[PDB]
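Protein chains in written order, with the entry's author numbering: chain A, 21 to 149, 152 to 181, 198 to 482, 486 to 504, 519 to 568, 573 to 575; chain B, 21 to 50, 57 to 83, 91 to 181, 196 to 482, 486 to 504, 519 to 570, 573 to 575. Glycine included, every Cβ here is placed at the ideal spot set by N, Cα and C.
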Amino acid sequence: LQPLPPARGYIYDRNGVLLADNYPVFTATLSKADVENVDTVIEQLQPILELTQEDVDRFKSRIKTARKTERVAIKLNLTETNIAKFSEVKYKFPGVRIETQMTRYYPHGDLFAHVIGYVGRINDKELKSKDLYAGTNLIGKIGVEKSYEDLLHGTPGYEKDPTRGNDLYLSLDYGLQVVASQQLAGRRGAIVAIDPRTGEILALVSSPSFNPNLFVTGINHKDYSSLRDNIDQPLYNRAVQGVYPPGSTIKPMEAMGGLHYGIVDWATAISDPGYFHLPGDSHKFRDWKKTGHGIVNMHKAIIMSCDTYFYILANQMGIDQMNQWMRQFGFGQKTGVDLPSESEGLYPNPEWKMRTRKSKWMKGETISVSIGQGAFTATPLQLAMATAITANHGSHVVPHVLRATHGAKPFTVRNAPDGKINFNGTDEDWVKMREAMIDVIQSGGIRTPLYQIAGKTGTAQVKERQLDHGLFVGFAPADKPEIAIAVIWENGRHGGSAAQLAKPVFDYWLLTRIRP
Amino acid sequence: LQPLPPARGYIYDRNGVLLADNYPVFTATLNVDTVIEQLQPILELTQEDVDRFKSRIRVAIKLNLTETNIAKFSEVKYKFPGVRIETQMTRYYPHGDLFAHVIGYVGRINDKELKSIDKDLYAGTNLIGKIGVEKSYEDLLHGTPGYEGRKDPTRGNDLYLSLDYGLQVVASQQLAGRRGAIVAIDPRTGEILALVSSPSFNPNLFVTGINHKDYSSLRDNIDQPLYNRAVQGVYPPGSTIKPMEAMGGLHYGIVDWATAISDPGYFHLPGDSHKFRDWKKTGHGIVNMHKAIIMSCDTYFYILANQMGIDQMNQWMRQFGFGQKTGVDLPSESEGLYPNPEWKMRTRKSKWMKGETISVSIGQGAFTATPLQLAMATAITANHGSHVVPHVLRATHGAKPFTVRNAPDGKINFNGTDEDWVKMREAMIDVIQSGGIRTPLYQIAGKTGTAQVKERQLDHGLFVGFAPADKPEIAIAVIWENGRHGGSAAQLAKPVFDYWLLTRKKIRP
Numbered sequence: 021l022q023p024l025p026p027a028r029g030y031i032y033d034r035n036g037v038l039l040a041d042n043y044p045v046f047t048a049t050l051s052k053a054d055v056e057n058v059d060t061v062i063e064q065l066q067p068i069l070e071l072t073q074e075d076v077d078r079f080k081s082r083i084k085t086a087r088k089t090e091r092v093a094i095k096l097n098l099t100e101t102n103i104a105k106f107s108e109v110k111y112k113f114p115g116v117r118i119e120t121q122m123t124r125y126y127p128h129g130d131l132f133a134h135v136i137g138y139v140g141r142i143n144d145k146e147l148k149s152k153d154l155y156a157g158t159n160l161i162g163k164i165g166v167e168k169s170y171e172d173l174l175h176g177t178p179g180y181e198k199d200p201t202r203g204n205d206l207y208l209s210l211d212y213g214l215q216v217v218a219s220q221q222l223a224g225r226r227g228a229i230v231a232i233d234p235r236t237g238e239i240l241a242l243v244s245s246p247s248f249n250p251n252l253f254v255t256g257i258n259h260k261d262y263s264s265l266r267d268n269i270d271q272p273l274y275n276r277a278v279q280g281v282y283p284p285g286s287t288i289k290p291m292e293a294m295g296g297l298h299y300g301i302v303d304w305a306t307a308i309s310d311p312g313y314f315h316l317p318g319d320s321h322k323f324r325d326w327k328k329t330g331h332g333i334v335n336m337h338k339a340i341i342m343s344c345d346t347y348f349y350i351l352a353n354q355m356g357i358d359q360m361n362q363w364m365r366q367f368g369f370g371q372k373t374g375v376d377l378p379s380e381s382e383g384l385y386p387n388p389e390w391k392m393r394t395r396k397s398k399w400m401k402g403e404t405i406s407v408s409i410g411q412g413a414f415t416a417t418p419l420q421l422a423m424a425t426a427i428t429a430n431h432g433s434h435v436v437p438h439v440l441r442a443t444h445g446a447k448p449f450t451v452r453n454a455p456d457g458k459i460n461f462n463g464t465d466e467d468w469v470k471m472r473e474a475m476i477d478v479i480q481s482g486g487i488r489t490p491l492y493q494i495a496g497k498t499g500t501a502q503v504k519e520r521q522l523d524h525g526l527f528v529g530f531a532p533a534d535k536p537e538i539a540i541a542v543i544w545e546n547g548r549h550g551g552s553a554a555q556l557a558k559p560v561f562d563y564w565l566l567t568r573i574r575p
Numbered sequence: 021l022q023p024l025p026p027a028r029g030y031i032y033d034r035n036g037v038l039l040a041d042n043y044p045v046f047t048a049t050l057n058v059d060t061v062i063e064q065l066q067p068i069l070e071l072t073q074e075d076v077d078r079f080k081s082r083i091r092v093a094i095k096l097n098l099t100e101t102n103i104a105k106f107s108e109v110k111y112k113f114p115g116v117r118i119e120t121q122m123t124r125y126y127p128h129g130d131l132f133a134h135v136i137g138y139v140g141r142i143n144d145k146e147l148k149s150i151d152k153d154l155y156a157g158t159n160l161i162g163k164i165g166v167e168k169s170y171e172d173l174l175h176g177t178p179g180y181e196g197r198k199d200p201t202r203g204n205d206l207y208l209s210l211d212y213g214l215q216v217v218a219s220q221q222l223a224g225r226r227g228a229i230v231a232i233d234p235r236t237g238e239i240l241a242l243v244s245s246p247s248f249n250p251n252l253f254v255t256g257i258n259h260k261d262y263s264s265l266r267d268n269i270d271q272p273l274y275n276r277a278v279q280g281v282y283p284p285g286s287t288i289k290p291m292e293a294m295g296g297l298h299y300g301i302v303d304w305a306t307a308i309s310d311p312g313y314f315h316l317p318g319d320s321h322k323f324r325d326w327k328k329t330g331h332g333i334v335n336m337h338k339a340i341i342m343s344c345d346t347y348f349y350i351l352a353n354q355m356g357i358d359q360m361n362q363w364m365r366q367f368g369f370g371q372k373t374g375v376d377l378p379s380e381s382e383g384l385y386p387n388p389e390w391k392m393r394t395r396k397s398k399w400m401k402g403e404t405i406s407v408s409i410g411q412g413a414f415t416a417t418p419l420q421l422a423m424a425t426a427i428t429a430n431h432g433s434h435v436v437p438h439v440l441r442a443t444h445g446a447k448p449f450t451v452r453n454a455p456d457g458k459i460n461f462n463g464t465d466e467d468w469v470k471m472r473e474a475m476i477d478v479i480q481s482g486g487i488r489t490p491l492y493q494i495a496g497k498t499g500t501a502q503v504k519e520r521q522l523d524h525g526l527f528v529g530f531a532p533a534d535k536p537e538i539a540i541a542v543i544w545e546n547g548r549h550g551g552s553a554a555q556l557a558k559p560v561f562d563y564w565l566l567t568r569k570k573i574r575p
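As structure tokens, this is what we get:
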């Protein structure tokens, strides 16, 4: 009864464009039923196979637990020198076998590293959790490979045919991923593209990327330290882990809450003296334009990104109601994406402050939040979802990466919005807010003559590396949206700059539609 | 800066039928030991009402004061200065027994255990949601306070349940005097159209605090009117489970609609003497899938399970809602148990035996399901595999923002044709014609089952089904505790099907 381990499944894009693979290598096995006492044997072949002190520790861990009949890998994917140095002594080690196995390959490694992740060597912590993983050398460690490890893994067999792991079709588009990646080539930040009708992530780039293949068989302490100590942090996933102050990208949604709670009209106007002062308080809270913007109804506020209009709206609305509603767009909470280490962001409230800083909430801390400042931070993923919901007229979607799986194992794949934001407004309001956001593009310059983009821009302050971040959220075609994009250019200065990154993505998806 | 507490929101059915409201009452707010003896004849305080008030120790002496004790206290107002007379709201359930197990009740907020976890939000708030909808949606229902310059409080949100008053009445009658549950889901959305656990009880006894006499009636009643058989009760689902489990055969490629077996009336594990027994000792002869469903052969599913394996058996059945909470927006939802080697190793430290698989193969193992799970599994089956989440809330109206899910969760990838679902429907219609629930006006699909207990020793009868079969609008799970054979249970389901599908465009209160 020898275990026959199962083929890890392939991962494709939404088009069959192959993104993760299995190809054969030479690996040195060593079953317990073929050797008298392992610990000695390993010591002899350490210099001949160039085993590191980690490679022996790892091999011993499996052997102790492993069945007699199951072969345990001593060194994986042998280099041609390990092959040569062992073949000379091939017969002086009889129990040791050296035959063909599979490792994982990422044909387009940098491109999808931050969505697909990689597989690692299965280790100590993982070993304390079956007989499922008998012939299995590798486990998913981050990304899709982790979050969908069980679907991908397969089902073992014996000497009974093993059941091959499930194929995964991501909702990502090879082409759209390429375009967005180029947009952030040489630059730090993120670009997320969601289909608003579904919540499908059409493209997700955090930049710089890294090569996942370096991790599959174990990575050099030399190579790993270069990535971990790069100052641009290629290993950090800015789309699902990175968090940023959203700035005025939030104003369209926060305006919709004004309509929802009845605090404002589309015709409601304020006199904008260039500041807002809390009642019975002298500290002036300053518009970005210190002279002001004159009389400002909702539509001028969005077009011109007035802070003063939203200082007042927040003041009347209050942080509690401000929390309750903005959260409906995805803020302050994980989005639910089927990817491992997703960040919560922070939409601040007195409950968070009482535990974090044991101080009562100050009415002025609200004012900072209303313009996307203060403690308010969102992941690029969250910002894109908020823009998808705003594009789709309030239908709450879940950002997800998986489109279909094919295989023996049963699985349920989410492909429609879960529910609709109760909203005491017309549908017309969503349509008016779109038209406002079309004007953000027209009235201020990444215009296209082929379709209409709705969008809003923002700028965040850093916690050269000190330059403000540029943010841009938007969707197109505006009337009947198909894709919403959040871009965060780190140290990108003006937000409109970030819009420039977003246009080629839009253009590719809506107009332009393989090998490296 | 005195707080102004917020009006709790109203709860309706899906048609505006009012199911819970608040009405204004007079209550006497407030050493206390001397005054109460003087204030007892005036306010008609019982020895229980005084005990509560001393234990409770502004604190209420008596709630909902009659006009007379208000008049009789007004002449003596001066001998009691601290005693004040204020307005409060209490909660009323126009149809208490009918919707008790869906709406629950509000209790007194007295629970310091709950009165320490929350905020100054409940400032001036006397009532809190205790079980059911009132608990699960306490925050939506609660509202937002105000003060004294005065600030109007924001009232709680009105709730529209996906439940239908008429359909609830019909279903409730079916179990009048009987124990069990009936759940009706819309398979297109997962909306719960009806949910009755029987016996019921009157929730209004809880709003103001419940008497040890009244509470002891309910807690020590043998029928357990306080137990929610729909969302907490679990039963062995038995042969109701077969349509889904057969669909898993198709998905794993193990069987065809044409694949047939010889049923000698038993199944023999290879190299093993213990015979596994068909319900019909004669057998059923040659049995393809379609015969299997109509005649509820245990043998056909004994074989399929063995080939499928418990692990593969788990992956598939869990897609229908079994072994895990369904997600209903009601408080205490029970998981059920779809057993697996993981559960046995952790629970009883024993390796899984191939025969334990066989018990589960016909829904008679450690397998237990809630009527919720059964309704959901049948909804998905009617629905060709789109995973729905059973939910009770249809809309809310109010100031607080809320998101309401009212569409299917996702779609089971299924390595079959769409037609397999259509072939399985036709099988389940054939269950109705061939084996007295049939109607010529629409097509019912169904399957029957029987569970064994531990009159009240009679086996339970189960029935799952949906209609109209070709374009399903409603799926029902029925469980008569001690209803003998399922089929009795099916009888409870036909009036419900009929009210929804026929009568309901001609039952108001």
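| Query | Result |
| --- | --- |
| Give a yes or no on contact between the region 266-276 of chain B and the region 399-409 of chain B, applying the rule of three or more CB pairs nearer than 8 Å. | no |
| Inspect the beta-carbon positions of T443 of chain A and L173 of chain A and report whether they are closer than 8 Å. | yes |
| Can you give the Cα-Cα distance for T255 of chain B and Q121 of chain B, rounded to whole angstroms? | 12 Å |
| With a 10 Å radius around its C-beta and 16 neighbouring C-beta atoms as the bar for buried, classify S209 of chain A as buried or exposed. | buried |
| State yes or no: is the beta carbon of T425 of chain A nearer than 8 Å to at least one beta carbon in chain B? | no |
| What's the gap between the Cα of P290 of chain B and the Cα of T428 of chain B? | 8 Å |
| Taking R78 of chain A and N143 of chain A to be in contact with their CB atoms under 8 Å, please state how far apart those CB atoms are, rounded to whole angstroms. | 6 Å |
| In terms of residue numbering, what span does the alpha helix (DSSP H) encompassing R82 of chain B cover? | 73-82 |
| Please name the residues in the region 447-472 of chain B whose beta-carbon is closer than 8 Å to at least one beta-carbon of chain A, in chain order. | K447, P448, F449, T450, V451, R452, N453, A454, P455, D456, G457, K458, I459, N460, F461, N462 |
| Of the residues A:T373, A:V55, A:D270, which one's Cα is nearest the Cα of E519 of chain A? | A:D270 |
| Return the chain-ordered ranges of every beta strand (DSSP E) run that is complete within the region 301-376 of chain A and spans a minimum of 3 residues. | 308-310, 313-315, 322-324, 332-334 |
| Excluding sequence positions up to five away, which residues of its chain have a Cβ less than 6 Å from the Cβ of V334 of chain B? | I308, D310, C344, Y347 |
| Can you tell me the Cα-Cα spacing of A554 of chain A and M471 of chain A, whole angstroms? | 19 Å |
| Starting from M122 of chain A, trace the alpha helix (DSSP H) both ways and give me its first and last residue. | Where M122 of chain A is concerned, there is no enclosing alpha helix (DSSP H), although the beta strand (DSSP E) it sits in stretches over 117-125. |
| Assess contact between the region 293-307 of chain B and the region 413-426 of chain B, defined as three or more Cβ pairs (one per stretch) separated by less than 8 Å. Is contact present? | no |
| Can you give the Cα-Cα distance for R488 of chain A and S379 of chain A, rounded to whole angstroms? | 36 Å |
| Is there a Cβ of chain B sitting closer than 8 Å to that of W363 of chain A, yes or no? | yes |
| How big is the Cα-Cα spacing for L316 of chain A and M400 of chain A? | 11 Å |
| Suppose the cutoff is 8 Å on Cβ atoms and the five residues either side in sequence are ignored; what does the same chain contact list for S320 of chain B look like? | none |
| Between the C-alpha atoms of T72 of chain B and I538 of chain B, what's the straight-line distance to the nearest angstrom? | 49 Å |
| From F248 of chain A to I164 of chain A, what does the alpha carbon distance come to, in whole angstroms? | 13 Å |
| Please confirm whether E181 of chain A and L21 of chain A have their CB atoms less than 8 Å apart. | yes |
| Rounded to a whole number of angstroms, what is the C-alpha to C-alpha distance between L65 of chain B and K145 of chain B? | 27 Å |
| Looking at the structure shown, is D41 of chain B part of a helix, part of a strand, or coil, going by DSSP? | strand |
| Output, in sequence order along the chain, the residues in the region 337-366 of chain B whose CB is closer than 7 Å to any CB in chain A. | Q362, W363, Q366 |
| For chain A, check one thing: does any of its Cβ atoms lie closer than 8 Å to the Cβ of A442 of chain B? | yes |
| Under 9 Å, CB to CB, which of the residues in the region 311-336 of chain B have a partner in chain A? | none |
| Would you mind listing the alpha helix (DSSP H) stretches within the region 387-432 of chain B that are 4+ residues and don't spill past its ends, in chain order? | 388-395, 401-408, 418-429 |
| When Cβ atoms are compared, which residues of the region 286-304 of chain B fall closer than 7 Å to chain A? | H298, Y299 |
| If we ignore side chains and look at the alpha-carbon of each, how far apart do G496 of chain B and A305 of chain B end up? | 21 Å |
| Okay, do the region 92-111 of chain A and the region 46-66 of chain A touch, 3+ Cβ pairs below 8 Å being the bar? | yes |
| On the criterion of 16 or more Cβ atoms from any shown chain inside 10 Å, does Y111 of chain B qualify as buried, or is it exposed? | exposed |
| Rounded to a whole number of angstroms, what is the C-alpha to C-alpha distance between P448 of chain B and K458 of chain A? | 10 Å |
| Can you tell me which of A:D303, A:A104, A:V216, A:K504 puts its alpha carbon nearest to the alpha carbon of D467 of chain A? | A:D303 |
| Could you check if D59 of chain B is buried or exposed, using at least 16 other CB atoms within 10 Å of its CB as the buried criterion? | exposed |
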